[PDB]
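Q: This is run_9.txt, which holds compact mmCIF, C-alpha atoms:
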```txt
# COMPACT_ATOMS: atom_id res chain seq x y z
CA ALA A 1 162.87 43.88 75.62
CA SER A 2 162.59 40.30 74.31
CA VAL A 3 164.52 39.03 71.26
CA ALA A 4 167.40 36.52 71.06
CA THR A 5 167.06 33.35 68.96
CA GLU A 6 164.11 32.61 71.27
CA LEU A 7 161.23 31.99 68.83
CA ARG A 8 159.41 28.66 69.25
CA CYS A 9 156.25 27.66 67.33
CA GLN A 10 153.90 29.94 69.30
CA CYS A 11 151.37 27.16 68.60
CA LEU A 12 153.28 23.89 69.14
CA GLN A 13 149.82 22.29 68.98
CA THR A 14 146.47 23.43 67.56
CA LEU A 15 142.71 22.95 68.01
CA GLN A 16 140.21 22.25 65.20
CA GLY A 17 138.74 25.63 66.22
CA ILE A 18 136.01 27.09 68.46
CA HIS A 19 133.04 29.49 68.39
CA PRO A 20 133.96 33.12 67.66
CA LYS A 21 132.05 34.13 70.80
CA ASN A 22 134.44 32.31 73.15
CA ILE A 23 137.43 34.10 71.59
CA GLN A 24 138.48 37.72 72.22
CA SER A 25 141.65 38.33 70.17
CA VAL A 26 143.27 36.66 67.14
CA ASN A 27 147.08 36.38 67.04
CA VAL A 28 148.18 34.93 63.68
CA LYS A 29 151.97 34.40 63.67
CA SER A 30 153.08 33.46 60.14
CA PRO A 31 155.83 30.86 59.64
CA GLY A 32 159.46 32.04 59.59
CA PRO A 33 162.90 31.02 60.91
CA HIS A 34 161.20 29.45 63.96
CA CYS A 35 158.07 27.70 62.62
CA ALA A 36 157.50 26.73 58.97
CA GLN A 37 153.81 26.18 59.81
CA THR A 38 151.40 29.11 60.24
CA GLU A 39 150.10 29.46 63.82
CA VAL A 40 146.70 31.00 64.59
CA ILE A 41 145.82 32.06 68.16
CA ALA A 42 142.59 33.16 69.89
CA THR A 43 142.51 34.88 73.30
CA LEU A 44 139.22 33.75 74.88
CA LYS A 45 137.24 36.43 76.74
CA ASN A 46 138.33 34.87 80.05
CA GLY A 47 142.02 35.85 79.77
CA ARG A 48 142.61 32.39 78.27
CA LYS A 49 144.20 31.58 74.90
CA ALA A 50 143.87 28.68 72.43
CA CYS A 51 145.90 27.99 69.27
CA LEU A 52 143.92 26.86 66.21
CA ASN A 53 144.88 25.09 62.97
CA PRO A 54 144.96 27.43 59.97
CA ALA A 55 144.70 24.34 57.74
CA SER A 56 141.13 23.61 58.91
CA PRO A 57 138.00 25.35 57.61
CA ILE A 58 136.66 26.27 61.08
CA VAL A 59 139.92 28.09 61.90
CA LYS A 60 139.98 30.10 58.65
CA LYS A 61 136.41 31.09 59.57
CA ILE A 62 137.39 31.93 63.16
CA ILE A 63 139.52 34.74 61.72
CA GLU A 64 137.22 35.90 58.89
CA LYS A 65 134.67 36.22 61.72
CA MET A 66 136.70 38.35 64.15
CA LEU A 67 137.44 40.68 61.21
CA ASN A 68 133.71 41.47 61.02
CA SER A 69 133.55 41.69 64.83
CA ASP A 70 135.04 45.16 64.22
CA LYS A 71 132.69 46.61 61.59
CA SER A 72 131.61 50.10 62.72
CA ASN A 73 129.52 50.50 65.89
CA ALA B 1 151.66 34.40 84.65
CA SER B 2 150.28 37.85 83.75
CA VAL B 3 146.75 38.99 84.67
CA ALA B 4 145.61 41.64 87.19
CA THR B 5 143.50 44.62 86.05
CA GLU B 6 146.50 45.36 83.79
CA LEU B 7 144.91 45.62 80.32
CA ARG B 8 145.63 48.86 78.43
CA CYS B 9 144.60 49.53 74.80
CA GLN B 10 147.27 47.28 73.26
CA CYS B 11 147.14 49.84 70.43
CA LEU B 12 146.94 53.25 72.15
CA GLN B 13 147.65 54.63 68.67
CA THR B 14 147.28 53.19 65.15
CA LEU B 15 148.73 53.49 61.63
CA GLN B 16 146.68 53.82 58.42
CA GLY B 17 148.26 50.45 57.54
CA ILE B 18 151.24 49.01 55.65
CA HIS B 19 152.14 46.44 52.96
CA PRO B 20 151.39 42.83 53.92
CA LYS B 21 155.00 41.95 53.02
CA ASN B 22 156.49 44.08 55.81
CA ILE B 23 154.26 42.36 58.40
CA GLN B 24 154.78 38.87 59.85
CA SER B 25 151.98 38.28 62.38
CA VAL B 26 148.53 39.80 62.99
CA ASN B 27 147.36 40.30 66.60
CA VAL B 28 143.75 41.54 66.63
CA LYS B 29 142.67 42.30 70.21
CA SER B 30 138.92 43.03 70.25
CA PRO B 31 137.53 45.73 72.55
CA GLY B 32 136.55 44.76 76.11
CA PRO B 33 136.80 46.08 79.69
CA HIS B 34 140.11 47.78 78.77
CA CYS B 35 139.58 49.23 75.27
CA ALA B 36 136.18 49.89 73.65
CA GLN B 37 137.98 50.28 70.30
CA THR B 38 139.22 47.26 68.33
CA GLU B 39 143.03 47.11 68.09
CA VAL B 40 144.81 45.44 65.15
CA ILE B 41 148.54 44.61 65.35
CA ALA B 42 151.15 43.46 62.82
CA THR B 43 154.55 42.00 63.79
CA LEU B 44 156.90 43.07 60.98
CA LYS B 45 159.39 40.42 59.79
CA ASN B 46 162.17 42.29 61.62
CA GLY B 47 160.94 41.50 65.15
CA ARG B 48 159.14 44.87 65.05
CA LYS B 49 155.42 45.51 65.60
CA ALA B 50 152.98 48.19 64.39
CA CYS B 51 149.34 48.75 65.42
CA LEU B 52 146.89 49.53 62.61
CA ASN B 53 143.42 51.10 62.51
CA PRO B 54 140.64 48.54 61.95
CA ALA B 55 138.40 51.43 60.86
CA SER B 56 140.47 52.04 57.70
CA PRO B 57 140.19 50.03 54.47
CA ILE B 58 143.94 49.30 54.20
CA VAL B 59 143.94 47.74 57.69
CA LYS B 60 140.92 45.50 57.02
CA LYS B 61 142.84 44.38 53.92
CA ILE B 62 146.06 43.86 55.89
CA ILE B 63 144.25 41.08 57.77
CA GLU B 64 142.24 39.58 54.88
CA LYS B 65 145.68 39.33 53.23
CA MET B 66 147.57 37.51 56.00
CA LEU B 67 144.68 35.01 56.09
CA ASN B 68 145.58 34.00 52.52
CA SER B 69 149.29 34.05 53.42
CA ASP B 70 148.49 30.65 54.95
CA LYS B 71 146.70 28.86 52.09
CA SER B 72 148.29 25.41 51.63
CA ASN B 73 151.93 25.14 50.52
```
Since I need it in another form, could you write the structure as structure tokens?
A:
Amino acid sequence: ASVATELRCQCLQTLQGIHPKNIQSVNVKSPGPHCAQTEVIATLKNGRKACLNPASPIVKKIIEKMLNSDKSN
Amino acid sequence: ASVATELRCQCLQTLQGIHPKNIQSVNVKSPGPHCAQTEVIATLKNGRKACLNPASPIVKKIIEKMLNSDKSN
């Protein structure tokens, strides 16, 4: 399907963060044999995506927020 | 690249959860015009992936855990 020494830092770059309303999904790829630096990702609600920095406070909150986004309903 | 009314519940099914050591990434796709039910995902450290249920307590902890996985180093 897709696997062959082809793993690049899914988030070569990163953004300080963004409102949790502009995001839609949250892909957090931990560091491994391809990237020793965590890589957070947010799929905007417009089919767009934006990597964030897990070292910043706004990013750590971007995730903690999505988590609640799914609290019963 | 990849976008055309082709969005299916990334997690048609779900698993009660799993240890945070067997996972590697955490893809949380919120519900939208394709799935009205949140969909959590965990990429094992063996290139494998497993969807979890965001309605269970172990799943909500699977995420809260990864978040810490990236706390300075």
Q: Which residues are close to region 10-14 of chain B, i.e. within 12 Å by all atoms listed in the file, leaving aside same-chain residues fewer than 3 positions away? Reply as a list in words.
A: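 The neighbour list is residues 25 of chain A; 6, 7, 17, 18, 27, 28, 29, 30, 31, 32, 34, 35, 36, 37, 38, 39, 40, 41, 42, 49, 50, 51, 52, 53, 54, 55, 56 and 59 of chain B.
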Q: Okay, now the selection with C-alpha atoms, as a PDB file, keeping the file's coordinate frame?
A:
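What ended up in again-v8.pdb:
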```pdb
ATOM      1  CA  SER A  25     141.650  38.330  70.170  1.00  0.00           C
TER       2      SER A  25
ATOM      3  CA  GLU B   6     146.500  45.360  83.790  1.00  0.00           C
ATOM      4  CA  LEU B   7     144.910  45.620  80.320  1.00  0.00           C
ATOM      5  CA  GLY B  17     148.260  50.450  57.540  1.00  0.00           C
ATOM      6  CA  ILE B  18     151.240  49.010  55.650  1.00  0.00           C
ATOM      7  CA  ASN B  27     147.360  40.300  66.600  1.00  0.00           C
ATOM      8  CA  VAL B  28     143.750  41.540  66.630  1.00  0.00           C
ATOM      9  CA  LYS B  29     142.670  42.300  70.210  1.00  0.00           C
ATOM     10  CA  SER B  30     138.920  43.030  70.250  1.00  0.00           C
ATOM     11  CA  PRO B  31     137.530  45.730  72.550  1.00  0.00           C
ATOM     12  CA  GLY B  32     136.550  44.760  76.110  1.00  0.00           C
ATOM     13  CA  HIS B  34     140.110  47.780  78.770  1.00  0.00           C
ATOM     14  CA  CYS B  35     139.580  49.230  75.270  1.00  0.00           C
ATOM     15  CA  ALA B  36     136.180  49.890  73.650  1.00  0.00           C
ATOM     16  CA  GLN B  37     137.980  50.280  70.300  1.00  0.00           C
ATOM     17  CA  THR B  38     139.220  47.260  68.330  1.00  0.00           C
ATOM     18  CA  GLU B  39     143.030  47.110  68.090  1.00  0.00           C
ATOM     19  CA  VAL B  40     144.810  45.440  65.150  1.00  0.00           C
ATOM     20  CA  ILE B  41     148.540  44.610  65.350  1.00  0.00           C
ATOM     21  CA  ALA B  42     151.150  43.460  62.820  1.00  0.00           C
ATOM     22  CA  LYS B  49     155.420  45.510  65.600  1.00  0.00           C
ATOM     23  CA  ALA B  50     152.980  48.190  64.390  1.00  0.00           C
ATOM     24  CA  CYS B  51     149.340  48.750  65.420  1.00  0.00           C
ATOM     25  CA  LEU B  52     146.890  49.530  62.610  1.00  0.00           C
ATOM     26  CA  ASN B  53     143.420  51.100  62.510  1.00  0.00           C
ATOM     27  CA  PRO B  54     140.640  48.540  61.950  1.00  0.00           C
ATOM     28  CA  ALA B  55     138.400  51.430  60.860  1.00  0.00           C
ATOM     29  CA  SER B  56     140.470  52.040  57.700  1.00  0.00           C
ATOM     30  CA  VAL B  59     143.940  47.740  57.690  1.00  0.00           C
TER      31      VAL B  59
END
```
Q: Which residue, B:9, B:26, B:4, B:44, has the smallest gap to chain A when you use only C-alpha atoms?
A: B:26
Q: Report the distance between CA of residue 67 (chain A) and CA of residue 3 (chain A) in Å, rounded to one decimal place.
A: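 We find that CA of residue 67 (chain A) and CA of residue 3 (chain A) lie 28.9 Å from each other.
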Q: Tell me, in Å to one decimal, how far CA of residue 43 (chain A) is from CA of residue 62 (chain B).
A: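 Computed distance, CA of residue 43 (chain A) to CA of residue 62 (chain B), equals 19.9 Å.
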Q: How far is it from CA of residue 1 (chain B) to CA of residue 5 (chain A), in Å with one decimal?
A: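 Straight-line distance from CA of residue 1 (chain B) to CA of residue 5 (chain A) works out to 22.0 Å.
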Q: From the set B:24, B:16, B:2, B:73, which residue has the shortest atom-to-atom contact distance to chain A, counting only C-alpha atoms?
A: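 Checking each candidate against chain A, we get B:24 as the closest.
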Q: Using only C-alpha atoms, pick whichever of B:22, B:8, B:33, B:70 has the shortest atom-to-atom distance to residue 45 (chain A).
A: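 Counting only C-alpha atoms, the residue closest to residue 45 (chain A) is B:33.
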Q: Rank A:15, A:60, A:21, A:46 by their smallest atom-to-atom distance to chain B, using all atoms listed in the file, and report the top residue only.
A: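 Residue with the minimum atom-to-atom distance to chain B: A:60.
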Q: Pop region 59-70 of chain A out of the structure in the block and write N, CA, C and O atoms as an mmCIF file, in the first residue's frame.
A:
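Done, and the output landed in decode.cif:
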```cif
data_model
loop_
_atom_site.group_PDB
_atom_site.id
_atom_site.type_symbol
_atom_site.label_atom_id
_atom_site.label_comp_id
_atom_site.auth_asym_id
_atom_site.auth_seq_id
_atom_site.Cartn_x
_atom_site.Cartn_y
_atom_site.Cartn_z
ATOM 1 N N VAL A 59 -0.179 25.295 20.404
ATOM 2 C CA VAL A 59 -0.328 23.978 19.725
ATOM 3 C C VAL A 59 -0.820 22.942 20.735
ATOM 4 O O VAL A 59 -1.792 22.249 20.506
ATOM 5 N N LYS A 60 -0.163 22.838 21.855
ATOM 6 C CA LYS A 60 -0.598 21.855 22.884
ATOM 7 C C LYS A 60 -2.070 22.099 23.211
ATOM 8 O O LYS A 60 -2.800 21.191 23.560
ATOM 9 N N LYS A 61 -2.512 23.321 23.101
ATOM 10 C CA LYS A 61 -3.938 23.625 23.406
ATOM 11 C C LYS A 61 -4.793 23.286 22.187
ATOM 12 O O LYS A 61 -5.950 22.933 22.304
ATOM 13 N N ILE A 62 -4.229 23.375 21.016
ATOM 14 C CA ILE A 62 -5.001 23.041 19.790
ATOM 15 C C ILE A 62 -5.464 21.589 19.897
ATOM 16 O O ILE A 62 -6.564 21.242 19.513
ATOM 17 N N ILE A 63 -4.630 20.743 20.432
ATOM 18 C CA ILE A 63 -5.005 19.312 20.587
ATOM 19 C C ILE A 63 -5.972 19.179 21.768
ATOM 20 O O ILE A 63 -7.103 18.765 21.613
ATOM 21 N N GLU A 64 -5.533 19.533 22.944
ATOM 22 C CA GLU A 64 -6.420 19.434 24.137
ATOM 23 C C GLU A 64 -7.817 19.946 23.782
ATOM 24 O O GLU A 64 -8.806 19.522 24.346
ATOM 25 N N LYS A 65 -7.907 20.855 22.849
ATOM 26 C CA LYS A 65 -9.242 21.392 22.458
ATOM 27 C C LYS A 65 -9.981 20.348 21.621
ATOM 28 O O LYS A 65 -11.045 19.888 21.982
ATOM 29 N N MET A 66 -9.423 19.969 20.503
ATOM 30 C CA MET A 66 -10.090 18.952 19.644
ATOM 31 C C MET A 66 -10.613 17.814 20.523
ATOM 32 O O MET A 66 -11.746 17.393 20.405
ATOM 33 N N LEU A 67 -9.792 17.318 21.406
ATOM 34 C CA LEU A 67 -10.230 16.211 22.298
ATOM 35 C C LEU A 67 -11.638 16.505 22.820
ATOM 36 O O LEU A 67 -12.527 15.682 22.734
ATOM 37 N N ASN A 68 -11.844 17.674 23.358
ATOM 38 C CA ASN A 68 -13.193 18.025 23.885
ATOM 39 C C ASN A 68 -14.188 18.113 22.726
ATOM 40 O O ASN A 68 -15.346 17.770 22.862
ATOM 41 N N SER A 69 -13.746 18.571 21.586
ATOM 42 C CA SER A 69 -14.666 18.682 20.420
ATOM 43 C C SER A 69 -15.518 17.415 20.319
ATOM 44 O O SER A 69 -16.619 17.434 19.805
ATOM 45 N N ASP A 70 -15.018 16.312 20.804
ATOM 46 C CA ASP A 70 -15.800 15.045 20.735
ATOM 47 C C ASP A 70 -16.213 14.621 22.147
ATOM 48 O O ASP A 70 -15.755 13.622 22.663
#
```
